[PDB]
Amino acid sequence: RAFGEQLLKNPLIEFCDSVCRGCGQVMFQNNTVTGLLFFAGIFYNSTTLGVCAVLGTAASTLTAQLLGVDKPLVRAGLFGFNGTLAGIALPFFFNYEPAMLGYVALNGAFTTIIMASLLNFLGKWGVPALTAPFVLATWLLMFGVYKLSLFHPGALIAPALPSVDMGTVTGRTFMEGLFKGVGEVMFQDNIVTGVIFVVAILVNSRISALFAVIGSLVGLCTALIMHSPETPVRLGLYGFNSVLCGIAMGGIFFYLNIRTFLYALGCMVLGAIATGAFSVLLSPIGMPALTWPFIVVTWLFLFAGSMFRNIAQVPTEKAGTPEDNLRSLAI
Amino acid sequence: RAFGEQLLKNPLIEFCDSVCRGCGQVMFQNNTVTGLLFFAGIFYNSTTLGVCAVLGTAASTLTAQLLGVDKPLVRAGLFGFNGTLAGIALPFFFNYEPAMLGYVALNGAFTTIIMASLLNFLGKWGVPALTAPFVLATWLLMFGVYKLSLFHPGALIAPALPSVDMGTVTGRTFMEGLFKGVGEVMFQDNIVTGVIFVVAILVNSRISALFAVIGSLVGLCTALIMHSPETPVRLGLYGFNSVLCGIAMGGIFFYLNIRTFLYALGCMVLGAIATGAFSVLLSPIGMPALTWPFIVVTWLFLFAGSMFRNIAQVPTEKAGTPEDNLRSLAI
Amino acid sequence: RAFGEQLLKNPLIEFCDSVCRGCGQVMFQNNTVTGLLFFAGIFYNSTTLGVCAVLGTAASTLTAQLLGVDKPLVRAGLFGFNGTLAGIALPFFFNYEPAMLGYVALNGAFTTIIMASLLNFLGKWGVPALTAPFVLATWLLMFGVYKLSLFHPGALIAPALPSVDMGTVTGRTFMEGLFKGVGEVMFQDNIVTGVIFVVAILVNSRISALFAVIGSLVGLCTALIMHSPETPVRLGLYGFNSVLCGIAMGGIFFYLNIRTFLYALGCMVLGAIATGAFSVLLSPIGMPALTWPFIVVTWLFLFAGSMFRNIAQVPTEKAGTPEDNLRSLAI
Ligand SMILES: [Au+]
Ligand SMILES: [Au+]
Ligand SMILES: [Au+]
Ligand SMILES: [Au+]
Ligand SMILES: [Au+]
Ligand SMILES: [Au+]
Ligand SMILES: [Au+]
Ligand SMILES: [Au+]
Ligand SMILES: [Au+]
Ligand SMILES: [Au+]
Ligand SMILES: [Au+]
Ligand SMILES: [Au+]
Ligand SMILES: [Au+]
Ligand SMILES: [Au+]
Ligand SMILES: [Au+]
Ligand SMILES: [Au+]
Ligand SMILES: [Au+]
Ligand SMILES: [Au+]
Ligand SMILES: [Au+]
Ligand SMILES: [Au+]
Ligand SMILES: [Au+]
Ligand SMILES: [Au+]
Ligand SMILES: [Au+]
Ligand SMILES: [Au+]
Ligand SMILES: [Au+]
Ligand SMILES: [Au+]
Ligand SMILES: [Au+]
């Protein structure tokens, strides 16, 4: 890309580009068009969620600039993706109140703190923060809803002690399950949004698009093998963590080969199992696990990589697309 | 201070001074008179809680000396403050049994282990342990009360699944809320104790006394903005975490300026929100969050500081009063 | 041992030796005969649990070799012991289904990931992973049982909010409590299995055998002092965490003397108290704490050791039997 295009830059267009890469990075895709198309998929499903994704991405990005995060970290969208999710999560789980937008901005800003926390903390081992800033901030802003009534929880939020119908697996289970598994990465209960999302990843990386598809499928059929009722599976609730596992493990943080593929398959399966685990863990307070399943399991596999000679890890500060990763190895 | 006064020292008066600085350090005040006045505020509210604060401070300090902690860490009260709290927490939440004093000594001694754990662990990033030793030890000694009946929980301890009256905000809400917010840092449901506490901090640092006041107010009105019932707010239950946030962030661990002030305001607000969050999280087992809200949120902001160019952190091994901090910067 | 015996080695006998040391290491005993005798104790109680211990040890060991863990870590059984436990835990808590063996192999394989994670993570402070890989993997594979019905929980698994009969202490309380405390380290509700286990440790280390006995007793009487009902105490449910505390602290990770003995006694008592704590913490979801009590408390004491001049820690990469440890100090 012509170095002279830098004469054309202005803080507003540069901020706008940081924001769209921010959104791309929700699925590890450092690409403006990918992020632009993620926004398109969300806006396709809901205008309200779309505006809130944008505001959350904008809130977190701006906060990072206000505090003076290193320019390259901001330019790569690493202070945007947790803000995208922080923005969608709130109106997904809670009913609208006028304060909703203020609260989204707050949740966005808070993710930026936690991203910096975790880059400082996890950086000693070269391990990425993933979506932990989004999960930890949103939990902190959501758990207290029963005591702090500004917002009112939706019907998805229902405290209960866990206990042990099953439904019927059909072709629909698989087609809906697949693409909603991708869509549910950003709380998008929408087959077409999921398709758009896969296309969006394809633009930046073909291998990462395939692993998104594989992850969703592995999560889905893991849950079926494990005798989940059909309804959650069809809704892609067992795909989205495994989607993220697939993309992270499938050539981004490890060099793609047969061994690292098997390793990736490990994360993906356990991501789906951890989804049932964390959902149960938080059920007494009625709260969603979000992407905690993907975070915990992928952190375990990431931390473990340097101990396994047969598993070629990519150095995190270098880690680009699976295609780029292979091309720098062969060099 | 005349170096010859060292000829006058004796292990008992030196231990006594370690203990009073220990108590001062509950609110980051490395000052014997501050600690002496904290004791005075507690004894003003309750003789039983006062003796137990002293015994807990004494138990933790002595254990540190028995194990051979570095003299300067002990001399600065860093092995006392968690013991002060460990001592008060037990008779605050549980009914009296003769064993109570033994258990306080045990809780005090345990905090010293955990302080050393966390200084070793968190020390790699220059992050302070705060009151995590007190919280983790007390949780470990309290959670098991339903299975181990030596002690009997008070009526504040009542397992329930969370669920969604509101009361009436008055002038009393604000005056009681303010000073009980300070008092509740040490479980002191007492307006005058809170005043005494603010005076005690003022003796060592004017800026830290103001931030104690600001923290309590920010916590209070955050909870009101968030539609908390009035009763918890009036009782200062939403101030005390934010008091600690305010003091830590307001010039002690960051150099006081407009940007670090805004940063501090961030911790304080989120400290109050995290108070609702952690209270809900532990409600199925009926247990108090203690200062976990302040610990988690302040840890996040502390870990994040080195990533933010616009936020001037003080090196922790140097960090004194906000006044001293400014005076060494200008040098 | 004659260096020429190396000519006789074959991958299958070497794997077999890795597996038996793996089992020995459940109680820190790097000894093939110790592990062989642990297997004997289990098979004495239950053939089904014995086969499953072996399969879990085999699954974790093989996975480590497949991924290329450093040979000496594997040769020392450090990638076996969490697999032993991962294997027993599943049929102890859940009813049989044909998939049980597949799931055990999965749990075994997962422990190996987490062991590597934690050796990388905790290695920066020279702190051992202990049985955290077993606990974290098994929790992840167990918690989700209410949502993923392949397996069906046994009657030990019963979600309830905690609440506040007492039974009668007799000689039986003490004899059964003692040896089941040892036996319950590996989920063996069997006095003779516990005896066998103590003998097995004695083969490798007399001091570690005594600390196993002391730990079990300290845990037992701590729980009685704390007014536990008699039934859990008799069943050794308050010994097994303290057994592990005793062995770890009694000369393995610290050089055995009077001060480190008192230190060890600290871990052991708090291990029993933490057992009530974590049992309550997980009761809303009906889940066992496993050895989390021992892990948390022993981690605290381990991390704290380098801060205490009066407490002589052994460097972890050197740490052998208490007897060997003393013999290298005197050199
Ligand atoms: Au944009
Ligand atoms: Au734009
Ligand atoms: Au743009
Ligand atoms: Au990336
Ligand atoms: Au764009
Ligand atoms: Au919106
Ligand atoms: Au919205
Ligand atoms: Au399937
Ligand atoms: Au399948
Ligand atoms: Au004193
Ligand atoms: Au004194
Ligand atoms: Au004194
Ligand atoms: Au200080
Ligand atoms: Au004093
Ligand atoms: Au007392
Ligand atoms: Au007392
Ligand atoms: Au207000
Ligand atoms: Au206000
Ligand atoms: Au063997
Ligand atoms: Au063998
Ligand atoms: Au063998
Ligand atoms: Au060992
Ligand atoms: Au053997
Ligand atoms: Au079996
Ligand atoms: Au089995
Ligand atoms: Au006893
Ligand atoms: Au006893």
Side-chain angles (χ1 to χ4, degrees), chain A residues 19 22-23 26 38-39 41-64 66 79-114 131 133-159 183-190 193 285-291, chain B residues 162-164 166 218 221-229 238 265-266 268-277 280 297:
Chain A
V19 169
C23 181
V26 168
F38 280 166
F39 284 135
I42 297 155
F43 272 95
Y44 175 83
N45 175 51
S46 163
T47 282
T48 296
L49 299 176
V51 163
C52 269
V54 176
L55 171 67
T57 322
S60 68
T61 305
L62 181 70
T63 303
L66 281 180
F79 281 82
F81 69 101
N82 287 292
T84 312
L85 297 171
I88 305 147
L90 293 167
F92 187 77
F93 288 109
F94 291 175
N95 303 334
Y96 179 80
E97 257 89 34
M100 176 68 82
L101 278 36
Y103 214 50
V104 159
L106 182 56
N107 206 16
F110 195 16
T111 66
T112 273
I113 306 297
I114 304 182
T131 51
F134 152 65
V135 168
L136 296 172
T138 305
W139 283 350
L140 286 172
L141 298 218
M142 282 185 64
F143 283 7
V145 71
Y146 306 101
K147 294 190 79 77
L148 298 175
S149 282
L150 181 52
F151 299 98
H152 291 106
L156 288 192
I157 284 167
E184 278 288 351
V185 170
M186 315 209 205
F187 314 94
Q188 306 301 298
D189 177 52
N190 192 305
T193 302
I285 68 164
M287 288 291 159
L290 310 170
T291 50
Chain B
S163 56
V164 183
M166 284 299 299
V218 169
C221 256
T222 296
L224 292 174
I225 293 167
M226 295 297 301
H227 285 28
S228 167
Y238 283 99
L265 208 47
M268 284 182 263
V269 166
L270 290 162
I273 288 156
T275 297
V280 159
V297 175

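Throughout, protein chains are lettered first and strands after them, A, B, ... in sequence-line order, and every chain is numbered starting at 1. Atoms considered below: every heavy atom in the structure, side chains included; atoms not considered: hydrogens, waters and symmetry mates.
- With a 4.5 Å cut-off on side-chain heavy atoms, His152(A) and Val145(A) do not count as touching.
- How far CG of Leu136(A) is from OG1 of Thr131(A): 9.5 Å, rounded to the nearest 0.5 Å.
- The distance from the CD1 atom of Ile157(A) to the CE atom of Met287(A) is 4.5 Å, given to the nearest 0.5 Å.
- When side chains are defined from C-beta on, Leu106(A) counts as touching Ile273(B), because their heavy atoms get closer than 4.5 Å.
- The shortest distance between side-chain heavy atoms of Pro98(A) and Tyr96(A) falls below 4.5 Å.
- Closest heavy-atom contact between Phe43(A) and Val51(A): CZ-N, 3.4 Å.
- Residue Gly22(A) comes nearest to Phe81(A) through the heavy atom pair O-CB, 3.1 Å, listed as atom of the first residue, atom of the second, then distance.
- Rounding to the nearest 0.5 Å places CZ of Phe38(A) at 11.5 Å from OG1 of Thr193(A).
- Between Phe39(A) and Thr57(A), the closest side-chain pair of non-hydrogen atoms falls below 4.5 Å.
- Counted within 6.0 Å of OH on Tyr44(A), heavy atoms from surrounding residues, nucleotides or ligands total 12 or fewer; the atom is thus considered open.
- Within the 4.5 Å cutoff, side-chain heavy atoms of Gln188(A) are placed close to those of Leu49(A).
- To the nearest 0.5 Å, atom CD1 of residue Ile42(A) and atom CD1 of residue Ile88(A) are 4.0 Å apart.
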Determine, step by step, whether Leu224(B) and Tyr238(B) satisfy the side chain to side chain contact (heavy atoms under 4.5 Å, CB included) criterion, reporting the C-alpha distance in whole Å, the side-chain angles of both residues, the deciding distance to 0.1 Å, and the verdict. CA-CA 9 Å; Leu224(B) 292 174; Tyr238(B) 283 99; over 6 Å; no

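- Residue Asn107(A) holds its CG atom at 10.5 Å from CE of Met100(A), rounded to the nearest 0.5 Å.
- A heavy-atom distance below 4.5 Å is not found between the side chains of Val135(A) and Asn82(A).
- For the atom pair CG (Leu270(B)) and CG (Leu141(A)), the distance works out to 6.5 Å, reported to the nearest 0.5 Å.
- Here the side chains of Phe79(A) and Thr63(A) are not in contact, with every heavy-atom distance at 4.5 Å or above.
- Shown here for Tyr146(A) and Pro162(B), the closest heavy-atom pair between the two residues is CD1-CB, 3.5 Å.
- Minimum heavy-atom separation, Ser60(A) to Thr112(A): O-OG1, 2.6 Å.
- Residues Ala137(A) and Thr111(A) share a closest heavy-atom pair of CB-CG2, 4.1 Å.
- Residues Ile113(A) and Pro133(A) are not in side-chain contact: their nearest non-hydrogen atoms beyond the backbone lie 4.5 Å or more apart.
- Nearest heavy atom pair, residue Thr138(A) against residue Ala86(A), reads OG1-CA, 4.2 Å.
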Give the C-alpha distance, both sets of side-chain angles, the deciding distance and a yes or no for side chain to side chain contact (heavy atoms under 4.5 Å, CB included) between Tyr103(A) and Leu150(A). CA-CA 10 Å; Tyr103(A) 214 50; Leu150(A) 181 52; 5.6 Å; no

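- Ring geometry, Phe187(A) versus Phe134(A): the interplanar angle exceeds 60°, so the pair is classed perpendicular (tilted spans 30 to 60°).
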